[PDB]
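Q: The structure is given below, and queries will be raised subsequently.
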Amino acid sequence: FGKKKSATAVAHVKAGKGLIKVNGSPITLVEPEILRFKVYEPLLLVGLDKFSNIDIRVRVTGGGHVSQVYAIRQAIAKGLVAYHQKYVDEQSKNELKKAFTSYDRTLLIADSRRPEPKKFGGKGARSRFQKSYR
Amino acid sequence: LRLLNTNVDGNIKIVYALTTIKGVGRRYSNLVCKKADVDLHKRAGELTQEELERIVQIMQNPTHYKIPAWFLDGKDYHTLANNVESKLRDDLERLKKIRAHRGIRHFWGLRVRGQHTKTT
Amino acid sequence: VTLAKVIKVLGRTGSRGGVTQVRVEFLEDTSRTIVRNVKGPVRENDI
Amino acid sequence: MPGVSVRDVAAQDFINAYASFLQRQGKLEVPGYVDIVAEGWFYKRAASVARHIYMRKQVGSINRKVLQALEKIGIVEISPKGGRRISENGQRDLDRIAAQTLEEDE
Amino acid sequence: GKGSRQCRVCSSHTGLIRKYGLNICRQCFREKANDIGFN
Amino acid sequence: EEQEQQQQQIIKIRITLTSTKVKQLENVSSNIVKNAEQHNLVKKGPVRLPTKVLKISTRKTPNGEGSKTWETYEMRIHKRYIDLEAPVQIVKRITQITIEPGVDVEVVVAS
Amino acid sequence: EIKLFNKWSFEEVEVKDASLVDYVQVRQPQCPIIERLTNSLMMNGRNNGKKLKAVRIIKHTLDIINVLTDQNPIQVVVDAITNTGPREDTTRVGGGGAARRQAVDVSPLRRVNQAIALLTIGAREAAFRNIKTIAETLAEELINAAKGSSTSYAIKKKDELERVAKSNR
Amino acid sequence: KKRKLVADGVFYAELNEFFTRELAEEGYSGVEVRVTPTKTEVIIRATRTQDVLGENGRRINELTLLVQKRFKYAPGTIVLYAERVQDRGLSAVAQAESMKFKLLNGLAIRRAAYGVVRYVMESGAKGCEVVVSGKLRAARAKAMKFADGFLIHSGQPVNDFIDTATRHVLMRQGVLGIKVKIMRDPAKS
Amino acid sequence: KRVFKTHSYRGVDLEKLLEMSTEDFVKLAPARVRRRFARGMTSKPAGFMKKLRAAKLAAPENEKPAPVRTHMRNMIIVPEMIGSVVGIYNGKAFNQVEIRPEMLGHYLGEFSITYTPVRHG
RNA sequence: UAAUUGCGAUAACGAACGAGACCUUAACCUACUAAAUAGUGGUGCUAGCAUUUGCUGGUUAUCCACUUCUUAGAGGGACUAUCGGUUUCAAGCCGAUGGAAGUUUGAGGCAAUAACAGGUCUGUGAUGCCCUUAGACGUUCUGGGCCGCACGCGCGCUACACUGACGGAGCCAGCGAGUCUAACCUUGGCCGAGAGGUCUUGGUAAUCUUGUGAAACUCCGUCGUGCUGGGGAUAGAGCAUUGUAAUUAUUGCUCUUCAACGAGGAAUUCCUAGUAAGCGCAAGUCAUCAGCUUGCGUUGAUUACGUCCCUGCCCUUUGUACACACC
Numbered sequence: 010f011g012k013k014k015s016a017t018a019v020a021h022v023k024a025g026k027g028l029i030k031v032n033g034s035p036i037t038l039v040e041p042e043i044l045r046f047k048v049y050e051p052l053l054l055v056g057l058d059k060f061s062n063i064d065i066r067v068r069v070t071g072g073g074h075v076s077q078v079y080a081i082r083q084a085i086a087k088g089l090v091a092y093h094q095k096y097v098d099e100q101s102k103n104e105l106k107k108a109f110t111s112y113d114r115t116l117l118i119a120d121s122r123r124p125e126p127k128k129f130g131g132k133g134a135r136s137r138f139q140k141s142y143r
Numbered sequence: 015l016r017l018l019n020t021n022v023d024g025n026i027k028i029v030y031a032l033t034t035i036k037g038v039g040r041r042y043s044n045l046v047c048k049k050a051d052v053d054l055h056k057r058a059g060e061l062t063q064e065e066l067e068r069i070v071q072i073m074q075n076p077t078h079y080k081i082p083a084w085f086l094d095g096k097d098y099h100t101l102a103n104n105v106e107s108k109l110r111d112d113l114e115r116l117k118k119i120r121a122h123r124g125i126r127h128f129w130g131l132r133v134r135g136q137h138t139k140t141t
Numbered sequence: 007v008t009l010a011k012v013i014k015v016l017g018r019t020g021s022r023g024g025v026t027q028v029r030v031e032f033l034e035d036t037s038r039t040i041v042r043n044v045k046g047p048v049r050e051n052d053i
Numbered sequence: 001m002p003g004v005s006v007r008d009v010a011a012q013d014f015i016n017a018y019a020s021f022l023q024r025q026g027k028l029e030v031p032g033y034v035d036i037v050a051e052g053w054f055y056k057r058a059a060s061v062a063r064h065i066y067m068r069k070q071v098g099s100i101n102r103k104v105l106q107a108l109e110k111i112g113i114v115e116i117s118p119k120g121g122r123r124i125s126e127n128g129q130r131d132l133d134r135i136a137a138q139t140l141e142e143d144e
Numbered sequence: 015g016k017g018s019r020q021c022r023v024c025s026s027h028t029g030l031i032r033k034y035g036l037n038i039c040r041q042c043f044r045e046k047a048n049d050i051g052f053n
Numbered sequence: 010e011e012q013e014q015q016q017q018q019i020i021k022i023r024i025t026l027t028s029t030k031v032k033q034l035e036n037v038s039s040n041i042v043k044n045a046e047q048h049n050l051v052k053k054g055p056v057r058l059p060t061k062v063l064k065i066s067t068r069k070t071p072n073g074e075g076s077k078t079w080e081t082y083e084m085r086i087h088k089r090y091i092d093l094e095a096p097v098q099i100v101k102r103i104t105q106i107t108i109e110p111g112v113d114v115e116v117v118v119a120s
Numbered sequence: 039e040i041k042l043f044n045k046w047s048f049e050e051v052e053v054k055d056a057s058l059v060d061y062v063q064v065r066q067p086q087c088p089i090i091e092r093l094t095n096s097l098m099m100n101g102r103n104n105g106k107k108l109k110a111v112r113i114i115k116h117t118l119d120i121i122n123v124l125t126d127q128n129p130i131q132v133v134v135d136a137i138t139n140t141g142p143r144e145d146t147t148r149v150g151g152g153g154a155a156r157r158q159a160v161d162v163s164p165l166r167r168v169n170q171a172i173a174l175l176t177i178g179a180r181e182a183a184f185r186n187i188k189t190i191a192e193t194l195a196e197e198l199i200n201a202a203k204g205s206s207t208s209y210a211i212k213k214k215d216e217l218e219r220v221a222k223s224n225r
Numbered sequence: 007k008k009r010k011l012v013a014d015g016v017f018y019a020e021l022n023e024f025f026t027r028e029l030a031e032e033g034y035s036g037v038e039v040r041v042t043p044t045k046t047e048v049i050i051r052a053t054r055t056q057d058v059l060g061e062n063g064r065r066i067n068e069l070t071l072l073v074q075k076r077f078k079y080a081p082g083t084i085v086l087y088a089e090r091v092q093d094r095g096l097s098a099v100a101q102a103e104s105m106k107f108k109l110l111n112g113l114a115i116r117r118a119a120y121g122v123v124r125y126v127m128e129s130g131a132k133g134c135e136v137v138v139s140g141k142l143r144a145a146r147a148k149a150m151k152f153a154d155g156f157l158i159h160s161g162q163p164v165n166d167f168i169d170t171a172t173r174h175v176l177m178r179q180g181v182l183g184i185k186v187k188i189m190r191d192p193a194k195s
Numbered sequence: 009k010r011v012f013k014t015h016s017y018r019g020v021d022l023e024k025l026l027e028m029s030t031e032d033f034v035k036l037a038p039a040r041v042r043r044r045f046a047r048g049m050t051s052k053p054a055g056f057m058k059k060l061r062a063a064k065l066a067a068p069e070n071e072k073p074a075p076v077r078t079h080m081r082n083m084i085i086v087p088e089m090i091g092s093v094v095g096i097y098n099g100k101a102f103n104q105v106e107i108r109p110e111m112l113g114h115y116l117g118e119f120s121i122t123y124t125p126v127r128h129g
């Protein structure tokens with residue numbers, strides 16, 4: 010349900026079991042790794058109220074790599090708290106939420122940044138080419 | 015540590031120092047110095063004398079009179102090596118004669134082709 | 007930000023006193039705090 | 001939480017080959033042979061066109103029929119699509135080796 | 015069959031364009047936007 | 010189910026009105042639509058195809074001085090399709106109607 | 039954006055002389089808390105032009121820079137940029153010609169920063185040990201800035217800047 | 007995408023021309039064309055669409071017919087029709103075709119224009135400028151204005167009133183060049 | 009395998025190539041004159057050679073030679089001409105040059121500079 | 001204040017252009033208008049491993065309905081919004097809450113009045129005047145030519161390498177664009193080491209080719225800081241590919257040659273965040289050709305109290321020969 014700086018991650022919500030697959034995999038993998046956490050850290054991040062739950066998982070895809078990674082990010086907890094009451098918490102879903110966003114920036118809504126704009130100049134944007142007429 | 019003519023190579027892995035084999039290079043190294051049944055892995059001063067004999071076979075017998083592996094109207098092709106420069110002169114010579122706006126240009130000293138030379 | 011006054015605290019009961027600061031040949035604003043030498047308004051500061 | 005099925009990432013390709021041109025036989029009678037690049053090598057390429065089940069069956099000239107070996111064994115069909123479906127021995131012959139790899143991590 | 019292909023408005027065989035087929039920006043850069051080319 | 014759509018999936022006699030303005034033309038989108046919410050078939054057809062934006066850039070001013078400026082101007086083709094009825098044992102007159110000039114109309118009627 | 043954790047997670051909540059701590063994990067006066093420094097150590101590392109691997113860099117530099125005589129790693133990193141900042145250098149004069157340069161603070165965030173991209177630099181400039189461990193130079197040098205927090209041994213200009221802004225004062 | 011725009015950048019302006027010249031003896035004012043089902047329709051808005059519209063008739067069928075063969079198609083598709091110009095004052099080409107034909111005709115381009123100014127403005131339209139920027143009689147070069155009303159070519163959308171355009175002015179001494187402007191809709195339709 | 013690709017040279021080429029029977033075309037070999045890439049020739053052929061033909065020869069005149077000029081820096085190294093003389097222009101040139109079989113190298117207007125003037129060095 | 005932007009002063013008072021506003025873009029939203037539906041997710045048919053089913057996957061069938069997702073119409077949404085600080089006389093400035101968004105939303109387009117003899121008859125079948133005519137400055141056709149290389153100045157491209165090069169492997173972007181002929185865009189099959197040849201093939205909105213082979217980049221392994229395996233200039237040969245034509249230079253590929261260059265004087269360029277910086281592709285160019293350019297996404301910094309001085313500009317005052325105005 011959440012897109013990230015030219016990327017976009019979709020949310021799956023309806024109670025089930027373990028193995029929450031991202032794309033069509035398993036937030037065990039998610040191999041653009043290094044910072045492979047911050048993904049498993051939404052679920053881990055559940056460290057504030059829940060321990061893992063027993064629910065669902067969906068696929069992302071847009072822009073490029075770390076973009077996507079950051080997208081699947083919100084994607085998750087931006088879908089634990091899912092309305093609710095069949096998804097979030099049948100009452101006071103600020104349970105997670107305010108907790109899963111008292112140290113967040115992914116589920117903590119998205120960033121007002123997004124690529125565009127250049128210039129009749131050099132590279133463009135602001136970096137206008139280097140000229141030194143004599 | 016001393017193959018093909020004056021070529022005196024060594025110290026630097028099989029099929030790698032056989033580039034410093036004036037004439038021999040990045041694929042000759044492999045293909046040649048490989049079809050030798052030679053463990054490309056193998057290195058410098060270490061190498062089967064049966065190798066080198068044969069590395070001078072394939073990689074200097076195919077990579078010489080052959081490129082026909084190592085055994086059996095020939096034509097046919099061939100490379101060079103430490104007999105390179107010499108032949109270079111040879112052909113820049115085949116040119117240095119009948120005259121070529123891009124040949125006599127080797128003698129004169131202009132770059133051979135394209136070359137919008139009026140700066141570098 | 008020429009360190010203002012040095013109102014310490016009694017005798018041997020102060021890891022260090024405080025000191026306001028602003029600037030003369032540049033800035034100018036209220037302050038205090040981080041530094042524990044022992045200079046004076048003879049000495050000065052920067053902004 | 002969790003698994004892979006046909007998945008399991010990379011080594012799961014450093015497998016199908018690790019157990020192709022190892023548990024050989026074969027098709028890869030590839031005559032392109034030595035001249036072309050690299051190393052060992054190149055059942056890896058195949059354990060590539062392999063994981064190429066996830067796709068084309070629903071998404098150079100060594101490649102140009104590096105397919106021809108897969109389609110002579112480990113799936114890879116003429117695909118009415120226009121490419122290659124993971125044939126009989128399906129996300130199966132593969133899915134298996136994938137399993138083997140799975141329990142093979144430990 | 016190459017570098018010679020006029021440009022409707024004034025044959026100025028030098029500077030012609032793509033989507034359209036006339037040009038040059040010569041006889042466009044004020045004689046088109048309303049002909050049209052909005053913006 | 011994986012496709013920005015895939016247009017199309019085109020119906021119902023096809024009637025795709027494809028134009029270069031908006032209100033002052035695609036007013037005849039309401040027209041043509043509601044001009045059939047009376048009796049006419051089920052019209053699953055107010056299909057917006059996305060803003061097509063042809064753009065011609067060309068730095069400014071004949072000559073040489075300046076910086077060359079560079080102005081890049083536009084002229085946007087927008088174009089949608091309505092699905093009236095498929096063939097329909099009821100046609101004619103309901104065969105090409107309205108006339109907002111500068112919108113380009115469409116027949117077909119399949120399949 | 040966009041690092042990690044664990045790997046030790048030794049969070050020394052003390053070690054912070056002078057000011058600092060009131061900005062040991064900050065930026066403001086101009087960020088906020090750009091993750092407890094180690095988000096800038098890892099960042100001041102992007103001197104080719106792109107983070108990540110930079111991210112690795114940091115991490116490796118860490119496990120390394122703690123494995124080797126552990127001081128809780130993070131507290132070596134704090135205690136790195138800790139006893140390793142400038143402290144009232146000079147800055148032009150204008151009062152002459154032909155200036156002279158007088159000195160003073162050192163706006164904290166400075167002291168942290170001006171030593172951050174600095175220790176960062178000394179690292180970058182391998183050439184000793186011109187090994188192949190970027191994170192080593194990055195560490196040791198940062199380690200020779202923890203153990204080095206015992207003179208000299210990598211910073212140096214650390215002093216210089218200060219051990220100079222005394223005379224021409 | 008084929009025609010559409012291109013189709014305009016085609017027959018449209020491409021028309022405008024013949025609809026600018028070989029007709030100005032009558033004073034054109036624009037042109038709009040659309041078609042039903044192969045029913046190509048020119049809508050030539052004329053200032054004096056009289057014989058300009060059909061001296062016994064020959065006007066249209068004459069031109070119109072040319073306009074067929076020329077931009078070649080029709081054979082029966084293309085078809086043209088003379089409309090009645092707006093209240094002159096505006097659409098630029100109005101009093102600009104005027105001055106264009108005045109300084110041309112003869113009048114001292116001192117008050118010559120002072121007219122079109124005080125006449126467009128006159129036909130009610132919150133004033134309107136119109137400089138003459140040629141070789142002011144025997145001499146060097148320069149220009150002079152003429153206005154009173156409102157506007158300023160700012161970002162009122164496409165001006166959103168300011169309906170200005172320039173024309174020729176091919177005198178025997180050189181090329182002056184006319185360019186009037188109009189404050190247009192003081193808010194109407 | 010086990011090579012043949014490209015190894016510095018060669019082929020039986022330059023050496024054992026067009027040279028392959030320096031008395032080859034001394035028999036023809038016509039299209040066979042083309043027995044060596046990489047150029048020629050989607051067409052075949054010409055006509056103006058009819059002068060180099062029954063004219064350049066045709067007497068004999070045992071003092072072999074002849075005029076035979078024609079702007080045609082297009083006409084490629086014969087070598088079915090084998091030997092004669094042709095007007096290798098440069099604009100205002102039509103320079104002279106024997107067509108020795110020794111070199112069936114480059115193009116007619118090729119062995120006859122149009123720079124000729126590299127200037128002081 | 002970005003503003004002659006406002007407040008404030010006050011013999012001024014009241015006001016129009018310009019700035020602003022509005023236009024476009026980039027973002028948020030509706031649970032409005034349907035769309036196939038990104039399928040959110042299910043239904044049949046079906047392939048696989050696996051005691052529900054996960055784990056998947058295809059696939060044409062009916063379903064649905066609506067978020068993801070999407071497309072784009074019609075509206076909402078921000079207004080320095082609270083709150084506090086503080087100039088106090090307020091416009092405002094600022095800090096905190098906190099919104100998709102924070103006082104200028106990011107961006108661009110428009111841009112008044114005067115001025116320059118600025119540059120453009122080599123962009124017009126715009127034109128004054130002068131010049132030029134069956135030995136033409138007209139236009140054609142053939143060939144070179146603008147590419148000639150002791151040397152200077154400028155915009156660049158890629159490199160000096162261990163954050164690396166090198167091979168295998170992992171993934172995923174946006175603007176875009178394209179046919180009636182016909183060498184438009186090009187999928188797929190085969191042949192081709194490679195360039196490429198190719199048999200067919202979809203395709204005037206997202207339909208078909210592009211996101212499903214972008215690259216930088218992540219992992220695994222090889223090299224050992226040695227002008228090495230960094231780098232790839234220059235030349236030797238060859239194979240193909242645009243065109244009537246590629247010698248004069250031509251475009252790509254295949255082997256071999258392998259130089260400068262060990263981080264650059266004095267200067268000087270540019271930029272404060274979806275920036276800079278790196279990496280790459282689309283488009284213009286076009287038969288073929290991008291080291292250009294307009295664009296467009298991909299990773300993804302360090303920096304500030306800023307005004308101090310050097311450069312520019314401005315506003316006054318102050319002096320003034322003139323005023324075609326310090327050419």
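Residue numbers (UniProt numbering), protein chains in the order written: chain A, 10 to 143; chain B, 15 to 86, 94 to 141; chain C, 7 to 53; chain D, 1 to 37, 50 to 71, 98 to 144; chain E, 15 to 53; chain F, 10 to 120; chain G, 39 to 67, 86 to 225; chain H, 7 to 195; chain I, 9 to 129.
Where is the CB? At the ideal position from N, CA and C, for every residue including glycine.
#1: If the cut is a Cβ gap below 8 Å, which residues of chain D does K13(I) touch?
#2: Counting only Cβ pairs nearer than 7 Å, list the residues of chain F close to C39(E).
#3: Could you tell me the alpha carbon to alpha carbon distance between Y34(E) and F24(H), rounded to whole angstroms?
#4: For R123(B), which residues of its own chain have a beta-carbon under 6 Å away from its beta-carbon, when the five flanking residues on both sides are left out?
#5: For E71(I), count the other beta carbons within 10 Å of its own beta carbon; 16 or more makes it buried, fewer makes it exposed. Which is it?
#6: Below 6 Å CB to CB, which residues in the same chain sit around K148(H) once its five sequence neighbours on both sides are set aside?
#7: Out of curiosity, what's the CA-to-CA distance linking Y112(A) and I89(G)?
A: So, from the listed chains and residues:
#1: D35
#2: Result: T67.
#3: 20 Å
#4: Contacts found: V133 and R134.
#5: Answer is exposed; the Cβ neighbour count stays below 16.
#6: Here the set comprises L142.
#7: The C-alpha of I89(G) is placed about 12 Å away from the C-alpha of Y112(A).
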